[PDB]
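Asks:
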Amino acid sequence: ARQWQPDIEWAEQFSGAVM
Amino acid sequence: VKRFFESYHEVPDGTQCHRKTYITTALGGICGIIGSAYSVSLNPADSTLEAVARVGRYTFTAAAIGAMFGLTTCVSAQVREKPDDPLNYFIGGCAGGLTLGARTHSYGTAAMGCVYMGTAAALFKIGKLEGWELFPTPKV
Amino acid sequence: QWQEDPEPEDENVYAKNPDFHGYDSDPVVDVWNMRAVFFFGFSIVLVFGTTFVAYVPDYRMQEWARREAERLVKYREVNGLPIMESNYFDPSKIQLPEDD
Amino acid sequence: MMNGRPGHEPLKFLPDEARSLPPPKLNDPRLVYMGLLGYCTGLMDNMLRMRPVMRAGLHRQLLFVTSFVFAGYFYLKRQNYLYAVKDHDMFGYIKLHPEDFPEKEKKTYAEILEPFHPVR
Amino acid sequence: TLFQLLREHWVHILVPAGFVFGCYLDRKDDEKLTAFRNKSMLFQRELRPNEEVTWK
Amino acid sequence: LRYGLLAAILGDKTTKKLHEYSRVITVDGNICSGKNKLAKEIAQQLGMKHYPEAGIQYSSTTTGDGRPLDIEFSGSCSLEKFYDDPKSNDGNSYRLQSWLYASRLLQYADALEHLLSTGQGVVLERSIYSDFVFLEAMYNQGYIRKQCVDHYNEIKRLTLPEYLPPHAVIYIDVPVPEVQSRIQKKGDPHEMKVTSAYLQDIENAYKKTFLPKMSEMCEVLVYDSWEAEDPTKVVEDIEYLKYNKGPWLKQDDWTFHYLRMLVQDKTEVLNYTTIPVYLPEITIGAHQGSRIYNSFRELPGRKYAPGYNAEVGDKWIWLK
Amino acid sequence: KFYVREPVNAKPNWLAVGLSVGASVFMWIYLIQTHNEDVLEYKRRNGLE
Amino acid sequence: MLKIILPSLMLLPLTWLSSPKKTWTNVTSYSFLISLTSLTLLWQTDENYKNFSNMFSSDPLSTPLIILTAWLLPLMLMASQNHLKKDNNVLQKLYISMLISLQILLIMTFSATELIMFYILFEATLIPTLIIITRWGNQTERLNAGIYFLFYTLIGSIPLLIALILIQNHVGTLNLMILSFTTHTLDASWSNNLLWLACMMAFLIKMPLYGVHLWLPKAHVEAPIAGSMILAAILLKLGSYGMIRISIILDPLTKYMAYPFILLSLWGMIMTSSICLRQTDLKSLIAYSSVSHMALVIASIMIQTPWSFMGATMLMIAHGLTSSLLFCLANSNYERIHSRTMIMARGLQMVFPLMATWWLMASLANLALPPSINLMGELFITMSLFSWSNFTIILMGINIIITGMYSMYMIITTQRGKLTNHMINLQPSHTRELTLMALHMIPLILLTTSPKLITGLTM
Amino acid sequence: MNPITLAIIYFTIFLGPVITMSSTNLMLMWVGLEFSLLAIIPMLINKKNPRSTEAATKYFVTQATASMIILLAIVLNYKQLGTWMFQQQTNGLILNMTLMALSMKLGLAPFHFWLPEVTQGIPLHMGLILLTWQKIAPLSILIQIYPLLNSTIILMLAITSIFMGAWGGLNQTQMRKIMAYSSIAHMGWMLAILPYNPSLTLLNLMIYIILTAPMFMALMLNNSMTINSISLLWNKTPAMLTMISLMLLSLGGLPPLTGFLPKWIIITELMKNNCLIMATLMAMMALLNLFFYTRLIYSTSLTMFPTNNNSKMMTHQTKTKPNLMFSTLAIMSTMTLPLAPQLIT
Ligand SMILES: Nc1ncnc2c1ncn2[C@@H]1O[C@H](COP(=O)(O)OP(=O)(O)OP(=O)(O)O)[C@@H](O)[C@H]1O
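Top line first, the protein sequences correspond to chains A, Z, F, Y, H, C, B, L and R. Heads up: the first sequence is residues 1 to 19, going by this note's numbering. Heads up: the second sequence is residues 1001 to 1140, going by this note's numbering. Heads up: the third sequence is residues 2001 to 2100, going by this note's numbering. Heads up: the fourth sequence is residues 3001 to 3120, going by this note's numbering. Heads up: the fifth sequence is residues 4001 to 4056, going by this note's numbering. Heads up: the sixth sequence is residues 5001 to 5320, going by this note's numbering. Heads up: the seventh sequence is residues 6001 to 6049, going by this note's numbering. Heads up: the eighth sequence is residues 7001 to 7459, going by this note's numbering. Heads up: the ninth sequence is residues 8001 to 8345, going by this note's numbering.
#1: What number of angstroms, rounded off, separates the C-alpha of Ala1095(Z) from the C-alpha of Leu1129(Z)?
#2: Does the CB of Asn8171(R) have a neighbour CB from chain D at under 9 Å?
#3: What did DSSP end up calling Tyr7119(L) once you bin it into helix, strand or coil?
#4: Got a sec: does ligand 1 put a non-hydrogen atom nearer than 8 Å to the Cβ of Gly5029(C)?
#5: For a test of the three-state rule: what should DSSP assign to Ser8183(R), helix, strand or coil?
#6: Short of 8 Å Cβ to Cβ, which residues in the stretch 5021 to 5051 of chain C face chain Y?
#7: Which value, in whole angstroms, describes the spacing of the CA atoms of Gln7349(L) and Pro7224(L)?
#8: Taking 8 Å as the line, does the beta carbon of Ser5033(C) fall inside it for any heavy atom of ligand 1?
#9: Could you check whether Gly1113(Z) and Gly1093(Z) sit closer than 9 Å to each other, using their CB atoms as the reference points?
#10: Would the beta-carbon of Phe5134(C) be found less than 8 Å away from any heavy atom of ligand 1?
#11: What residue does the beta strand (DSSP E) around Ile7230(L) start on, and which one ends it?
#12: Assign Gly1056(Z) to one of two classes, buried (16 or more other C-beta atoms within 10 Å of its C-beta) or exposed (fewer than that).
#13: In three-state terms, what does DSSP make of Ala3110(Y)?
#14: By a C-beta neighbour count over all protein chains shown, 10 Å radius and 16 as the cutoff for buried, is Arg4027(H) buried or exposed?
#15: Among the residues of its own chain, which have a CB less than 8 Å from the CB of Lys5017(C), if the five just before and after it don't count?
#16: Can you tell me whether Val5027(C) is buried or exposed? The criterion is at least 16 other CB atoms within 10 Å of its CB, across all chains shown.
#17: Leaving out five residues on either side along the sequence, give the residues of the same chain with a beta carbon under 8 Å from the beta carbon of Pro3015(Y).
#18: Judging by CA-CA distance, which residue of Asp7087(L), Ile7096(L), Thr7153(L), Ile7178(L) is the nearest neighbour of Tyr7119(L)?
#19: Note the first and the last residue of the continuous alpha helix (DSSP H) segment covering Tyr5223(C).
#20: With distance defined between alpha-carbon atoms, name the residue in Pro8195(R), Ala8192(R), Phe8060(R), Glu8269(R) nearest to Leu8044(R).
#21: Which value, in whole angstroms, describes the spacing of the CA atoms of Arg8051(R) and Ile8122(R)?
#22: Starting from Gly5029(C), trace the beta strand (DSSP E) both ways and give me its first and last residue.
#23: Compute the distance between the beta-carbons of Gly1070(Z) and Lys1020(Z), then report whether it is under 9 Å.
#24: Could you give the DSSP three-state label for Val6008(B): helix, strand or coil?
#25: With 8 Å as the limit, tell me which residues of the stretch 8222 to 8233 of chain R have their beta carbon closer than that to any beta carbon of chain C; keep them in chain order.
#26: Could you tell me whether the Cβ of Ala1(A) comes closer than 9 Å to any Cβ of chain L?
#27: Count the other C-beta atoms from every protein chain shown that fall within 10 angstroms of the C-beta of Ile4013(H), then say buried if there are 16 or more, exposed otherwise.
#28: In angstroms, rounded to a whole number, what distance separates the CA positions of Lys2074(F) and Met2084(F)?
#29: Give, in chain order, every residue of the stretch 7138 to 7165 of chain L whose Cβ lies closer than 7 Å to some Cβ of chain A.
#30: Which of the three DSSP states, helix, strand or coil, is assigned to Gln5107(C)?
#31: Return the Cβ separation of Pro7208(L) and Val7090(L) in integer angstroms, given the expectation that the two are a contact with Cβ distance under 8 Å.
#32: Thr8268(R) and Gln7168(L): beta carbons closer than 9 Å?
#33: Against chain A, with Cβ distances strictly below 9 Å, would residue 6996(L) count as a contact?
#34: Check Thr5283(C) in the structure and name its three-state DSSP category.
#35: Taking the straight line between their C-alpha atoms, what separation do you get for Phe3068(Y) and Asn4050(H)?
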């Protein structure tokens, strides 16, 4: 029901030194 | 020498096939040497002999690609008797990409290289026919 | 486990307002939104625009073309001419090549 | 390219030869669009600094609008001058070198033979 | 209250004002495009008396 | 003029503001050791300013209305619950610890801004230098994990070096039994169930890292509870100090200028506390965060900037 | 008093208000008189039209 | 045209300067009034198309699309009130502004005399659409959907821009009145063939084709109801309008450069209509039906015969209306159970008796039930193709069969059967969504009554 | 840093390019370049960290080599034809080595490997300067000798810059490197058209500058240096998401934004000279450029990444930034295409 918003698993993919 | 690489267009396709093969192989070797230089300067190797290995590898691969391209192109110009057809050059680029795959051991690279090099070579033939300009002079 | 609010519980919108129309939780807003929608959609648009269109005359020159076709068939049957020539343009207006 | 034309004054905004052009109306759509840019700039400034919009810094918004319309008017006079000089140069060169810009002497469709490409 | 009656309900002039303004601009365009008024091989007619224009 | 290069040039330089008592002091100690009253007396006598200990609602008592807020805004952290259930599977422990570190950082920034601006000294009850104490106390007691400690130390080595340490430290040592008895004499129901091992860990951290680390750059005065009383005694020991060790001597007007431009920018202070390290103990989630932020903005004096809320008595908004 | 930390922009800075209003009206006046003078110069540079 | 566009602009200040409670009513009512104002374009009492300026115009082809675009805005606003009810005022206003900007840009695109304005706006219709999808969609595939939707379109459009600039440098103007009287046979050559490809593939990706159609179902599935409506109804018609306008300057290369695309369309029609059988997601079913329908438009436009253009225009209008309607219907049940699967709710005729008549009538318009205009288009397209080659009716007919099949399957397994007794949350139907279905349907009746309006330039 | 030192250094930075612009002699253009690259360094190394020191080294060595090459070119054009400024009767080798060195300085591909690093190692207000104010004087030189530049070399350089900028910024998490690669690509555009029309490269430069300056301002607002950091704007400064998204979509080259105007009016002027292939490839890869701007828009505005328990404080506090120029430039960088005729000529 709720609008899905990004979780830690999603944010951690932008968290490295390279994409 | 540029007269050499221009000897490719002194006679139409389906002629001096061996000369076209040699010219395209030399061009492939040129491009492979450039790439190997850029790949040894950047991302260097653990050993000078390994760098020379990489050089020879890339160069022989590029040369084989150019060889197959030119050869198949002139052969198709010789068989079906349609020298002014970009489809022969498409076939040639496709054989070159199939080579590129054989060397890399990847059917995906084979398909992608085919469908890309064929397009590129067909457009090159179209540009030589319809008189396009790649690096034109400013005229306005 | 990181902090978030729990997924809420669905609500019966008719629970508190049984005379609910679907627009807003505040009744007055609900009723007036309903009334404005109905008015401006059915009473105004679907009626007056429908009439405006039904009373557009000679839409794309349809009645005029019929009247003139009648005029022309009449004139041409009364004056011996045929009803349609196989050539739109008088050849005198046309100069074909001097092919040799 | 026009920089090296005769009479080019270096770093001159309005060379006084542009005073023969019809100046722009002040209600020109371009000027009253620059005005909207100024108003929206005031709005976004109030938004970023967390201020009430449409009700804060009315002097700031007026200043934005005036400055935008001012720069607009003058920059626009300049651009008009430039396009006019371009047309001037073009027509002059055409008059000077007519043999390179001859007439069309176009025929009518009675003499032309256009092919017919059916749809079947 | 009169202010709270107009702080809202005053927004009911924007869209109609926009319609009027658009009609005005269309008239301005029509005015600009008057280079063939009564100068068309079809509809080119002699002018009636007291008829200063075929159309604005 | 809001401080800047221009005001600094025209004047408002720091070195001329200072006097014999323009000093930063942090009277540290264990729980219920007697820091607040001693700080108050020192402030009064030396003419310094007193900064009460920084808790959960400092950033509120120092902003806007200056009143407390609802806890969903001020950290969602509770000390009472920390003592009730320390090993909670919700993360209140490190949430509280980091919120408190950030509050003490904000407090130290405000204190320096005051000192440099006006030249008046300030007295603190703790500091960002004596906040790893409770953290290590927790970790030694399995209240938190090592990842939280690494997060804490990262934010520490990001924020702390940019600030000048204090001039004097005043540690009032009290045995763990004495404090474990005072905590019961105080009668706070939640504080009474604190374990003596937690307090011993605090004391050990102090003795082993803090004091020997701060005795290289600031004068440490270690007192027992009988010297802690008669606060004129500590004042007398302060008035006759020789500040000859620390970074406050290799300073100048421009270093002070830059440090002041920093500490007067609270957002640039707290920047490194919000770094996107996604700990499940402080990561808040978009729905929760947005609900909280929208409510906070619906708060009377917080919808707009200060001076632009007519809802609280601001008038000339159409003229700013 | 509602804000413990007395705000900036609590009571206006009047120098900026005055300067802004003056600049605005001066720019409008300059612009209008300049447009009129430009119209006149154009007209008299070609047959008053 | 300004009298239709400037009100659509002032709608924005009306949206923002309005009290949070009266923001929906005002905008909805004035959008209805603007849809009304747009009905003057039908005052065409001659064969001389309406030119209002050097930039804005409206032919019999653009007028229906403009009226549909002006009429869909209030319906989208209404459909978008049950969701957004728990969102903040500013978010609601932003949604409404996105929709209004879409309306405005589309009216411009359809009113444009020049192809560069058409292109700029054709591309500007990506920003609000992408925002709507990725910001108010519900699942995580929002983002991949928006990416596909952006980049299919852009990779197709760039060559179009290059070709338009080439035509400019060669002819002097990209005006559509001038490029129609001042035309020349295109010498058959690989250069002009690549020009054809550049001019066409952007629209073909936007119709879409069969080979390139994966961006559409991802979007519709992951798009909120309003985005789905506008997309299906208008943002596909955009490509057909572009092709119809630009195919005059590509003659006669369209005679032999079409076989690939006619063929792909005729076959993908069957493929997609068959997919619509083994499809668990109702929205995906609607999307694949849309693809099956637009294949006919592509083929018709490719053969470029009068009957063909006429059927294509009728099918565009009718499909837009009925697809918007079907998406509204699906979202109705979605708002109750919050699932897009067509197997969960399969007895809804025992609770929503009236809403089922909307399902019935739509699925009848989805298939070709006469005298619907969904049928006249299909019929005249079939006739044009039969004239083209008498072997097209085979595929046309099997598509017809599959169409009836999956529409009946939809309504049966959704409404008919045994009710799902665990669905205690099946609130009765809202007056608002009922008005929505009524507003989608009645115009179909009225058009069926007066089809002369949606024929096109050919008739 | 004291105000006297700041005055001298910033005045020198400003003066450098002015001399280059306002000078007829090439030698004084060279000394202007040198003023620029001598004064910019202390502003890089001010932070005094290893990253700053190595950024300074990589910048200094590269710029010094390029300056020596330009000086060789000037000295050869002096030995020949006995004048200082170039002329039609000048060796193409001289002209092309000059162009290569000017590219080296600007940071065009394949002379770009130093710009992303040098921009990642320094603060943001200097990256702004580096990428906007230091790319002019070289472009001044190139615009004074545009009739003499070889079109083959600049076009190869341009397609290379486009491809490498796209492919490089495609997989960057740090924002400064994204801006570096954006600079590389937009400079490739600037250069692809210079011999045909240099009144358009100046336009593209102005637009790229007014586009990147407010982006850098946004980053400096919360000292944001990663994707995950800007993801937190919805909690810290949500009033900036609109302008951010619009400026990004413009930088990418989307209508109806004025970042599309340079792309469009350059493709046009190129096909007026029959450069179909170059413009085609350039556009198709500017699409890829747009891709990661779009991914970034996702991360920042069109969805809401997780936040922290401490940003509540930043919400409590007030903010004096940004200034008036951010809004001005961000509006004149997205909503000005309607005035394109005024912008183009
Ligand atoms: N970093 C921290 N982590 C956890 N709790 C803390 C921290 N800092 C302070 N506290 C809490 O503050 C309380 C100590 O208050 P205290 O009684 O010391 O007040 P005070 O003003 O210092 O007066 P006194 O010094 O006389 O005790 C303890 O309950 C302790 O848990």
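Even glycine gets a Cβ: it sits at the ideal position worked out from N, Cα and C.
Replies: In short, the structure shows the following:
#1: 22 Å
#2: The chain labelled as chain D is not found among the protein chains of the depicted structure, namely A, Z, F, Y, H, C, B, L and R.
#3: helix
#4: yes
#5: helix
#6: none
#7: 25 Å
#8: yes
#9: yes
#10: yes
#11: Looking at the DSSP string, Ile7230(L) is not in any beta strand (DSSP E); the run it does join, the alpha helix (DSSP H), is 7225 to 7230.
#12: exposed
#13: coil
#14: exposed
#15: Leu5116, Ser5117, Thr5118, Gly5119
#16: buried
#17: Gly3007, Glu3009, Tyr3081
#18: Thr7153(L)
#19: Segment 5219 to 5224 is the beta strand (DSSP E) holding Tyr5223(C); no alpha helix (DSSP H) there.
#20: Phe8060(R)
#21: 7 Å
#22: 5024 to 5029
#23: yes
#24: coil
#25: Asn8222, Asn8223, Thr8226, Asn8228, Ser8229, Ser8231, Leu8232
#26: yes
#27: exposed
#28: 13 Å
#29: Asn7138, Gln7139, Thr7140
#30: helix
#31: Their Cβ separation, rounded to whole angstroms, is 35 Å, which puts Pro7208(L) and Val7090(L) out of contact at 8 Å.
#32: yes
#33: In the structure as shown, chain L starts at 7001 and stops at 7459, and residue 6996(L) therefore has no counterpart that could be examined.
#34: strand
#35: 47 Å
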